[PDB]
Each structure stands twice: as structure tokens, then as C-alpha cells.
Amino acid sequence: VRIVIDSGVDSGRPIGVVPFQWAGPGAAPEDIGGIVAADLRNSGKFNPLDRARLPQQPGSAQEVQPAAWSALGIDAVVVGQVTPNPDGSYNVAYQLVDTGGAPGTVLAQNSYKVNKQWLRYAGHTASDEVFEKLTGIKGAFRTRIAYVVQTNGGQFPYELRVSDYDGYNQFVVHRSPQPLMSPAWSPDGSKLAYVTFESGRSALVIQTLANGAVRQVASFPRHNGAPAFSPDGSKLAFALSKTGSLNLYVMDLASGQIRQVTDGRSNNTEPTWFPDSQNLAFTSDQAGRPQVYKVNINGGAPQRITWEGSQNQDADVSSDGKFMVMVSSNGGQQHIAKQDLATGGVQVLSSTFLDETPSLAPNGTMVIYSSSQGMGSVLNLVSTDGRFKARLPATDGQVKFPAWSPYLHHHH
Amino acid sequence: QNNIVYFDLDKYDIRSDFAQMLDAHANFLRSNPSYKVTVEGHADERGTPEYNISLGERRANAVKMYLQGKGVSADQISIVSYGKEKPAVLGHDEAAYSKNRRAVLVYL
């Protein structure tokens with residue numbers, strides 16, 4: 001997949017991102033300035049100046065002419081250098097230069113030594129530092145996404161894949177003849193839990209990405225699914241329907257001990273953790289149509305928390321616990337909505353068709369989700385203020401079940 | 001067509017028109033105690049994947065309870081809900097949705 005932006009950039013903060021200086025003949029091994037500009041645009045917060053229009057192309061902070069940029073309403077410029085090392089690695093350095101009220105002052109700078117295969121990563125690190133310095137929000141440019149691609153035909157039509165957040169460096173985690181569901185990231189970013197029907201029924205598993213190792217979590221009769229790792233690394237929440245309806249369970253990852261959290265005759269599924277690793281939001285149909293409820297895993301009756309439209313489900317709680325996104329339905333349409341968890345206020349974010357499975361970026365500023373376009377599923381992005389909208393189109397196959405990775409604690 | 005029960009939106013009850021159909025399966029299962037039926041339950045696309053598993057389950061469980069009421073042993077019936085993961089037909093109108101809200105009896 002790759003990001004295609006549909007709306008929201010024009011209003012963004014103007015910024016200058018200059019092509020990086022290259023200490024060699026011909027083209028640089030990677031366009032680091034291009035990566036930084038794309039990342040900042042993808043955040044929905046910045047409007048990098050077009051290359052046709054750069055007033056100068058300085059290769060260092062000292063070469064910046066602040067007046068050329070203030071004349072364009074640009075208060076910051078990113079410059080940088082890529083240089084080769086004798087061991088075959090590269091240095092990627094950037095400087096962020098104030099071109100507003102402190103003209104010529106360097107606000108931030110760094111240099112990274114990386115192998116050729118990690119040059120995009122170096123670009124994303126620069127983007128993360130620039131983004132955080134200017135906005136005060138931690139950058140998510142070094143994150144990855146997981147998603148399921150379903151092709152037409154073949155012995156293994158279902159693939160769970162992982163890529164960088166912008167689509168690059170895609171790889172296949174697992175191929176299957178039968179549906180795959182609901183990938184979930186461990187907080188250390190090393191594992192995905194997911195559901196597979198390849199055995200003839202559902203099984204919930206955890207796969208280690210680096211080596212493909214698979215741990216079986218649950219394959220009780222009926223459904224085993226809807227995983228979510230606790231932020232503290234200790235637990236996996238999930239839903240089982242062996243009792244006759246979906247209910248919530250938690251596994252202590254160290255011991256493998258499973259404890260039942262809900263025992264309703266209603267269906268209770270789609271758990272998502274609060275930052276404390278003790279409370280879950282989840283979908284229950286206890287009240288009739290699905291709504292989102294919250295419960296502490298240690299005790300107490302679930303409490304209904306949603307009243308928007310006619311029905312609400314499939315929530316994702318933000319990393320700070322201040323809000324959630326969810327799928328809100330009525331009458332006959334379903335969209336991604338954001339609910340403030342202190343006030344109960346709601347804002348509908350999307351207007352696409354059959355919106356589902358929203359997942360927040362770890363800085364809480366962006367939502368990846370899936371919708372229907374023509375006859376098949378696709379991936380969408382919407383900012384949490386609703387202003388920025390983009391897609392992640394694929395060349396082949398339907399794309400669904402996206403999940404945004406945590407922050408960090410042929411490849412290029 | 002002699003092995004599929006169809007359902008209305010958010011409904012999971014066995015309609016009279018499928019009684020005869022299911023009676024034939026019950027007869028077979030009673031007469032052949034070694035055979036097991038798998039009831040595969042499905043939902044239409046409206047909703048979300050993990051929740052919609054429950055709509056398929058309610059449909060598949062209704063078939064199971066009907067068969068058990070006709071003397072079939074509980075150990076000759078399994079249910080597997082695919083929620084909205086395995087549509088019979090593609091489309092975004094009731095023509096498609098009605099075709100997709102189903103429980104399918106298969107001898108695997």
C-alpha cells in the first residue's frame with residue numbers, strides 16, 4: 001500500500017524541507033528530504049513547500065537565508081546531509097532552523113549512522129524529531145501497520161502483512177487458505193496476536209515477527225478471537241464464545257493462565273485497553289443494539305458508556321485514555337466517531353461507506369480504519385480532528401483489519 | 001438448497017419453511033450416529049467483524065437446538081460462525097445481505 005491524500009493539507013503549517021546535501025557522485029541512495037516532507041504532510045499538520053518554489057536550496061544551517069522563508073510565511077526550515085562511511089553505512093544528519101522570530105537559530109539537530117537498508121528509518125527519525133520539536137506531540141513516523149489482504153483466488157487468498165506506516169517495507173507475516181482476523185500488536189512491537197480459521201475453526205495465536213514463532217493461545221469450541229495486549233506487557237484480553245455467547249477473558253502471558261472477566265448471556269467482545277492495564281472498553285449487546293461498555297478486569301459490573309446514534313461498537317482507547325474512537329451506526333450507515341471519555345461528547349470523523357475497525361496511531365492524532373469502496377474493503381486514514389483524510393490503496397486485493405503499531409521502545 | 005437456513009436482519013429463529021429441510025438432516029443424523037454435522041453461521045456486512053461473529057452463532061445455534069429437539073445427540077453437531085468473513089455473494093443491498101444471512105449444514 002501507499003498513502004494517497006484526499007484532503008486537508010492546504011490548511012497545514014507551512015514549512016520548508018530542503019533536499020539533503022549528498023557527499024558523492026550522482027543521486028543519493030535515498031531522498032531523505034522527500035521522506036521528511038511526505039511524513040510531515042501525512043501527519044495532517046504541515047504543508048511542505050513544493051520543490052518548484054523553494055527560494056534557495058541550502059545544504060547547512062549557515063546557508064539558510066531566513067528572510068527568503070519569512071517572505072513566504074514559513075517559520076522553519078529543515079536542511080540536512082547524507083554522507084557515506086568506509087564500512088558501507090551512511091550518516092544522515094538534519095538541522096531544523098528557525099526562520100521566524102529567532103532567524104537562523106538551530107532549534108534541533110541530529111545525525112544517525114545507518115546501513116543502506118535503514119535509510120528510510122533515518123528519514124523517519126528526523127521527521128519524528130522535527131515534528132515533536134514544532135508541535136510538542138511525539139512523532140509516529142517510525143511506526144508500522146498490520147493489515148489483512150484478501151486476494152481473488154489462489155491456494156492462500158488471505159495474508160496478514162506488516163509494513164511501515166506509509167506502506168514501504170511490506171512483508172508477509174502469515175498466509176492462509178481461510179480467513180484471518182483482528183491482528184493486535186504487543187506493546188514491545190515484537191509480536192502480533194491474530195485469529196485464523198485455517199484449522200476449520202477459529203484459533204487465536206501469537207506470532208513473533210522476527211522468526212515466525214507461533215504460540216497457540218486458545219482454540220476452544222466456537223469462537224476464539226478479538227485479541228488486545230495490555231500496555232504493560234503482562235496480559236492478553238480476548239473473547240471466547242464456548243459458554244454460548246461471547247465473553248471476555250484475560251491471559252497472563254508469563255504463566256498462560258486464563259481468567260474469565262465477563263459471564264453474561266449477552267455477547268461481549270472487541271476489548272480495548274485503557275492505559276492502566278486494568279480497565280477495558282468493549283462491545284456488549286446487553287442493552288439491545290451493541291454499545292460500548294467499560295469494566296475493570298478485577299471486579300465490578302460493566303458500565304455502559306455510549307449513547308451516540310442508535311448503536312456503537314468496536315472501540316479503540318487512546319494512549320492517554322482521554323478519548324476513544326469507535327464505529328457508530330444509524331440509520332443504515334456506520335462511521336468512525338470520537339468520544340471524549342470525560343465529557344461524553346462525540347464527533348463523527350468519517351463519511352466513507354461501511355466504516356470499521358478503527359485503530360489510533362500511538363500519538364492519538366490519526367486513525368487508520370477500513371471501509372468499502374466498490375465491491376471490496378480498503379484502508380482509510382482520518383485525523384482525530386476530522387480535517388485530514390487519506391487512503392492506503394493497494395495494487396491487488398481487498399485490504400482490511402488494520403492495526404497501528406506502538407511507538408518504538410530489499411528493506412530500504 | 002436443502003442444506004441452508006436463511007434469516008431476516010437481526011433474526012436467528014428457525015422459520016417453518018426450513019422445518020422439513022432440517023427434519024431430513026435430523027433423520028439422517030439419528031439413523032447414522034457416527035456422522036457429525038457442522039453448522040456454519042454467517043452475518044451480512046453491516047456491523048463489525050468480531051461482533052458479527054455473534055449473529056452467525058445465534059443462527060448456527062438455532063439449527064443445533066432444532067436438531068437436538070428432533071433427537072439428535074449434541075455430540076453429532078458442531079457450530080462454527082464465520083461472522084461476515086465469508087459472504088456467499090458480493091454487494092451492498094438487501095439482495096446480497098439476504099443471501100449472506102444464513103446457516104449452512106455441511107458434513108465434513
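For the numbers below, each heavy atom of this structure counts, side chains included, while hydrogens, waters and symmetry mates do not. The chains referred to below are lettered A, B, ... by the order of the sequence lines, with proteins before strands, and numbering in each begins at 1.
In this structure, the side chain of A/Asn115 does not engage the main chain of A/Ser89 through any donor-acceptor pair within 3.5 Å. For the pair A/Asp31 (side chain) and A/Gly34 (backbone), a donor-acceptor distance under 3.5 Å is present. Although no hydrogens or angles enter the test, the distance criterion places no donor-acceptor pair under 3.5 Å between the side chain of A/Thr208 and the main chain of A/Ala210. Side chain of A/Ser277 to backbone of A/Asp232: a donor-acceptor contact under 3.5 angstrom is found. When atom types are taken as modelled, the side chain of A/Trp273 and the backbone of A/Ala228 share a donor-acceptor pair closer than 3.5 angstrom. At least one donor-acceptor pair closer than 3.5 Å links the side chain of A/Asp340 to the backbone N or O of A/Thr343. Although no hydrogens or angles enter the test, the distance criterion places a donor-acceptor pair under 3.5 Å between the side chain of B/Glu50 and the main chain of A/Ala226.
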Going through the checks in order, is the salt bridge (charged side-chain N to carboxylate O under 4.0 Å, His left out) test met by B/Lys84 and A/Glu356?
-> CA-CA 12 Å; B/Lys84 57 177 268 188; A/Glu356 65 176 13; 2.7 Å; yes
Go through the steps for A/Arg120 and A/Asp166 under the test salt bridge (charged side-chain N to carboxylate O under 4.0 Å, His left out), then give the verdict.
-> CA-CA 11 Å; A/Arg120 293 197 62 86; A/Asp166 57 5; 2.9 Å; yes
Do A/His124 and A/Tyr165 pass the ring-ring contact (aromatic ring centres under 6.0 Å, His included) test, and can you show the C-alpha distance, the side-chain angles, and the key distance before you say yes or no?
-> CA-CA 10 Å; A/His124 291 140; A/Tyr165 91 92; 5.8 Å; yes
Report the C-alpha separation of B/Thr48 and A/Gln313 in whole Å, then their side-chain angles, then the decisive distance to 0.1 Å, and conclude whether the side chain to side chain donor-acceptor pair (under 3.5 Å) test is met.
-> CA-CA 8 Å; B/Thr48 57; A/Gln313 65 212 78; 2.9 Å; yes
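The residues A/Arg142 and A/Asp39 are annotated as not salt-bridged, no charged nitrogen and carboxylate oxygen being separated by less than 4.0 angstrom. Under 4.0 Å is where a charged nitrogen must lie from a carboxylate oxygen, and between A/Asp75 and A/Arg13 at least one such pair does. Under a 4.0 Å N-O distance rule, the pair A/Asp6/A/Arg391 qualifies as a salt bridge.
Using modelled atom types and a 3.5 Å distance limit, the side chains of A/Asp355 and A/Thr352 yield a donor-acceptor pair. Side chains of A/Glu129 and A/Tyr94: a donor-acceptor N/O pair is present below 3.5 angstrom, by distance only.
Between A/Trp22 and A/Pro29 the shortest side-chain heavy-atom distance falls below 4.5 Å.
Under the side chain to side chain contact (heavy atoms under 4.5 Å, CB included) test applied with A/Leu379, the options A/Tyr147, A/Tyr369, A/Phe401 reduce to a single match, A/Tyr147. When the options A/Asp98, A/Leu96, A/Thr99 are evaluated for a side chain to side chain contact (heavy atoms under 4.5 Å, CB included) with A/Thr105, the one that passes is A/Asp98.
For B/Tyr97 and B/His92, the distance between ring centers is not under 6.0 angstrom. With ring centers used as reference points, A/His411 lies under 6.0 Å from A/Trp118.
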